[PDB]
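Below you'll find the structure, written out as C-alpha cells, and then a few comments.
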Amino acid sequence: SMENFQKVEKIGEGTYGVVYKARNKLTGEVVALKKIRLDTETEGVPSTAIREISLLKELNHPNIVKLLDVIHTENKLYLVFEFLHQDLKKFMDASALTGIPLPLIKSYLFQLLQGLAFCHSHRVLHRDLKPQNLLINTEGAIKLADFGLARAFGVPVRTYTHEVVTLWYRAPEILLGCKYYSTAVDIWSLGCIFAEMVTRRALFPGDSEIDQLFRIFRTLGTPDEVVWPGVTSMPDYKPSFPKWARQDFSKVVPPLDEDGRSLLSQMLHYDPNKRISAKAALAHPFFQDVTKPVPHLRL
Amino acid sequence: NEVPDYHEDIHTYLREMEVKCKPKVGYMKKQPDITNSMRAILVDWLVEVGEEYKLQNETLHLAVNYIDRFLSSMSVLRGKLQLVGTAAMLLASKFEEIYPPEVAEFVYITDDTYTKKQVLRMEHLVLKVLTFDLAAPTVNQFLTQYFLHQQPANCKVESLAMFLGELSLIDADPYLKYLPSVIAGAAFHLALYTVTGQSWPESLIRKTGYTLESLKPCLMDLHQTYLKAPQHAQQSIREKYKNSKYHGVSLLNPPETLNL
Ligand SMILES: Nc1nc(OCC2CCCCC2)c2[nH]c(-c3cccc(S(N)(=O)=O)c3)nc2n1
C-alpha cells in the first residue's frame, strides 16, 4: 500500500498521529503523510480523523491544504497531503530578526481570510488557527492546515465542545464559558495572528484560563453590557473582575497605519455578533493595494 | 445571538449537497432479504436508543441517512441488519455528539447479539462504503435554519415540526422520494397550520424557491401519515414526543382539512 512511497524524515506531530515527509517513487511527487493508528484502545476509528477526512474532502480551495488520498490499512490509516516549505511559526522565528516585510503580511492575511470564508460558507469551523497550523510554500501563498479540531456546524449553532482552540489564540466567550459559540471564534484567532506577525511577539501569552482573560482585558479594557450586551449573565462571568481601562492601538501595534489598526480592531470585538466576518473583512479598505510578495530562503 | 453573515451561502451549499448524499429511491426493491417493514422496525429501535443516551435528533437523522446510503449499494441479510444499524449510529454519534457513548455501550444495547469486533469492523466497512462522506444534510438542518423566519419563535410548532420530520424517517416509501429540504418544508407548514393556522411564509418561498403548489405532493403523503399515527406498528417515536421536553405534541389532533 505504501510500497510506492519513500519516507525521508519525520516532520512533526501535533500528537495526533505523526507526520512524515515522503516521496513517490513512481511520480516523484513529494507529500506529507499523516499516519494514524486505530488499534489504540479498541475504541474504533478516532473522532479527530473521521471529521478531518470527511470535511477536507468537502473543502477544495487554493488556501486550504490539499488532501490527496486516504489509505485504508487494517491497523494504520495514512492521509496523503500536498507538501509545503514551512509553517508560519518557524518562518516568523526565522524572520524574527528582520521582521516580516510590510506587504507580505497584508498578502498572507488576505489569503488567510479568503480561506476562512470558504470554510464558513461550507459550515465548517476550524477552531485551531495558530501559526503552527498555517503552511507557506515558496511561491508566496499560505494555506490553512490541521483540521483535526474542526467541525461542521448547524444554523443556528448548538452548544459545541468547550475545550477548544489553543489558549493564546482563544476568544473571550470561550474563556468565559459560553453556551453557544460561532464563526466569531476563528476570526478572534486570526486577529491575534495578524497582531503577532506585526509586533514579533504573541499578543496574549497567557499561562492559564484566568491569566489569558486578564491579558485580554489589560489591553482591550474589561468589558461591560455596553461593549458586550450579554456578558454579565454569562456562565463563568464574575462580578469581581478588575476594571482595566482600554489602551491606545498605535501603542499596541506601532508599525500599523490607520487602516490596519482599524481592521484589527474589528477582528477583536468582545461581542461575537459585532466581530467582523471573514466575508465582510475581505472588503476592508486595508486590502486596497494587496499584492503577492515572495519570501527569502536560504532555509 | 449570532452574526448571520453566511445563511445564504450555507443554505445554498446544503441544497447543492443534499442532492449528492441522497440515497437511491427504490433500493429496498433490489434488496433480497430486507423489507420496508424491517427498516421501520430498525428506525423505531434506533429511536429508543437515542432517548436512552440523551442523543441529539441530528445524530439519528445522520444515522438514518448513513443506513439508506449503505443499503443502497450493499446487499445485507436481515440477520445482520441491526449491526449495520448500530455502526451507523456509532459513526453518527462520533461525528455529531460532544460526548459520544463508548463502543462498549453500543454492543450492550444489541441484546448482546453481536460482538465488539463485529461492531468495530462494521464501523470501518461503513466508512469504506460511504468513502468517509459523513457530513450530510438532513431534515433537521433545514428545519433549524427555517425556524429562524418565525416571529416570535413558537415552541409548540418547533417541537411538532421536529416530531413530524422524525416520523418520515420510519417510512422508506414514500419518503425516500423527497429531499430533506422538502420534508422539512412540509413538516414546518403542516405544524404551523395545526398550531396557529398560519401559512408557509412568503419569506421561505423567497429563500427556498418552494411554493405550496410545489410542496403539495409531499404534504398529501405526510398528512395521512400524521392521521394514521396511532395505527402504525411503530410507536416509540410517538411516545418520545409526549414529554414535558417536547410539549406533549404527539397528543394533538391532526387537522381535518387543508383546503383541497
Ligand atoms: N501537508 C503538510 N502538513 C504539514 O503539517 C502538518 C502538521 C502541521 C502542524 C500540526 C500537525 C500537522 C506540514 N508541515 C510541513 C513542514 C515542512 C517543512 C518544515 C516544517 S517545520 N515545522 O518548520 O519543521 C514543516 N510541511 C507540511 N505539509
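Starting from the Cα gyration tensor of region A:2-85, take the square roots of the eigenvalues, sort them a ≥ b ≥ c, and report rounded, prolate or oblate (rounded when a/c is under 1.5, otherwise prolate if a/b is larger than b/c, else oblate).
Working: a/c = 1.73, a/b = 1.22, b/c = 1.41.
Because a/c hits 1.5 or more and a/b fails to exceed b/c, region A:2-85 counts as oblate.
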(request) Take every residue in peptide A:42-50, count the Cβ atoms of other chains within 10 Å of its Cβ, and give the average of those counts. (result) 6
(request) Among B:84, A:18, rank each residue by its count of other Cβ atoms within 10 Å, from fewest to most, as a rough exposure measure. (result) A:18, B:84
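What value, in deg cm²/dmol to 500, does the helix sum -39500 (n - 2.57) over DSSP H runs of n ≥ 4 give at 222 nm once divided by the residues of chain A? The partial results should precede the final answer.
Working: 9 runs with 90 residues, N = 299.
That calculation yields -9000 deg cm²/dmol at 222 nm.
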(request) Under a cut-off of 25 Å between alpha-carbon atoms, report the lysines in cross-link reach of residue B:156, not counting same-chain residues fewer than 8 places apart. (result) A:179, B:54, B:207, B:216, B:228, B:240, B:242, B:245
(request) Between the alpha-carbon centers of region A:19-54 and region B:87-120, tell me the distance in whole angstrom. (result) 23
(request) May I ask you to sort B:122, B:74 by Cβ crowding, counting other Cβ atoms within 10 Å and putting the fewest first? (result) B:74, B:122
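Hey, any idea what the orientation-averaged projected area of the convex hull of region B:23-135's Cα atoms comes to, in nm²?
Numbers: hull surface 25.5 nm².
Projected over every direction and averaged, the Cα hull of region B:23-135 covers 6.4 nm².
Assign one of three labels to region B:5-69, namely rounded, prolate or oblate, based on the Cα gyration tensor with a ≥ b ≥ c the square roots of its eigenvalues; rounded applies when a/c is under 1.5, prolate when it is not and a/b is larger than b/c, and oblate otherwise.
Details: a/c = 4.54, a/b = 1.33, b/c = 3.42.
Since a/c reaches 1.5 but b/c is at least a/b, the shape of region B:5-69 is classed as oblate.
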(request) Past 20 Å, Cα to Cα, is the threshold; run A:76/B:22; A:57/B:24; B:30/B:177; A:143/A:279 against it and keep the listed order. (result) A:76/B:22; A:57/B:24
(request) Identify all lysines with a Cα-Cα distance to residue A:251 below 21 Å; exclude those on the same chain that are fewer than 8 residues away in sequence. (result) A:106, A:243
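What FRET efficiency comes out for the pair residue A:291/residue B:9, r = Cβ-Cβ distance, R0 = 22 Å, nearest 0.05?
Values: r = 27 Å, r/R0 = 1.24.
Computed FRET efficiency for residue A:291 and residue B:9: 0.20.
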(message) Straight-line reach only, C-alpha to C-alpha below 18 angstrom: list the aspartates and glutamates that residue A:25 could link to, leaving out same-chain residues fewer than 8 apart.
(response) A:3, A:9, A:69, A:82
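If you take every residue apart from residue A:121 with its C-beta less than 14 Å away from the C-beta of residue A:121, what net charge results, scoring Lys and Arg +1 and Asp and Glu -1? Intermediate values should be presented prior to the final figure.
Details: positive: A:123, A:279, B:15; negative: A:58, A:186, B:5, B:8, B:9, B:16.
Combined, the nearby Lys, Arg, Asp and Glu give -3.
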(message) Which residue, A:103, A:167, B:160, has the largest displacement toward the positive end of the dipole of the protein assembly as shown when charges sit on each Cβ (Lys, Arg +1; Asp, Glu -1)?
(response) A:103
(request) Tell me which residues come under 5 Å, amide H to amide H, from residue A:11 once H is placed; ignore anything under 5 positions away on its chain. (result) A:19, A:20, A:21
(message) Can you say what percent of the DSSP beta bridges in chain A, counting only those with both residues inside, are antiparallel? Round to 5.
(response) 95
(request) Round to a whole angstrom and tell me the spacing of the C-alpha centers of region A:163-204 and region B:137-204. (result) 36
(request) Under 1.5 on a/c is rounded, so check that first for region A:57-122, then, if it is not, pick prolate when a/b is larger than b/c and oblate when it is not; a ≥ b ≥ c are the square roots of the alpha carbon gyration tensor eigenvalues. (result) oblate
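Work out the mean other chain Cβ neighbour count within 10 Å for the residues of A:270-280 and drop it here as an integer.
Working: counts 0, 1, 3, 4, 1, 1, 2, 4, 2, 4, 2.
Shielding by partners across A:270-280 averages 2.
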(request) Please figure out what share of the DSSP beta bridges in region A:2-85 is antiparallel and state it in percent, rounded to the nearest 5. (result) 100
(message) So if I place +1 on the C-beta of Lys and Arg and -1 on the C-beta of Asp and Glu, and nothing else carries charge, what would the dipole magnitude of the protein assembly as shown be about its Cα centre? I want it in debye, nearest 20.
(response) 880
(request) Note down the relative contact order for chain B as a percent, whole number, built from C-alpha pairs under 8 angstrom at least six residues apart. (result) 21
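Here Cβ is always computed from backbone atoms with ideal geometry, including for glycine, and neighbour counts include all displayed protein chains. Read-outs: derived from the displayed coordinates by stated rules, not from any lab.
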